[PDB]
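Beneath this line is the structure, given in structure tokens, with notes to follow.
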RNA sequence: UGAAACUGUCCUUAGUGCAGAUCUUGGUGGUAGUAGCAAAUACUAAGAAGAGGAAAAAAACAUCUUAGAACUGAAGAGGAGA
């Protein structure tokens, strides 16, 4: 579970959802050690729901 | 180095000697990898094509399809004419 409010606190509004995708990609890199990270379609849609 | 013309002496002739003219024409520096590439709300994900996203995150990736999110808001960023 990613406490995204810690990363997107006081962030520019037009760069919240795009920066959410960047943060997740960094956590997958620091964990699975793989640079090739592919997002599911559902995960992208949830991030942009709001 | 260069590959087909040239030189010395005496007279004669002159469009005859350049550092300057904000000189003319052309070429080139420091400035300097500097000032900048900041109006028009905004893009993200998967796939295809392509030499062209690689990687010790090189954090960004043009085009097309689908999905999400959006803008012009109908005296329009629509459809048509002089």
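What follows is calculated from the coordinates using simple rules that are stated; it is not laboratory data. Positions of Cβ are backbone-derived with ideal geometry, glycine not excepted, and every protein chain shown enters the neighbour counts.
The set of residues from the stretch A:35-50 being under 19 Å from residue A:7 (Cα atoms), more than 6 Å from RNA strand B (Cβ to nearest atom) and part of a helix (DSSP H, G or I) comprises A:43, A:46, A:47.
In the stretch A:8-18, the qualifying residues are those that are in a helix (DSSP H, G or I) and more than 14 Å from residue A:46 (Cα to Cα), and the one that is nearest to RNA strand B (Cβ to nearest atom) is A:14.
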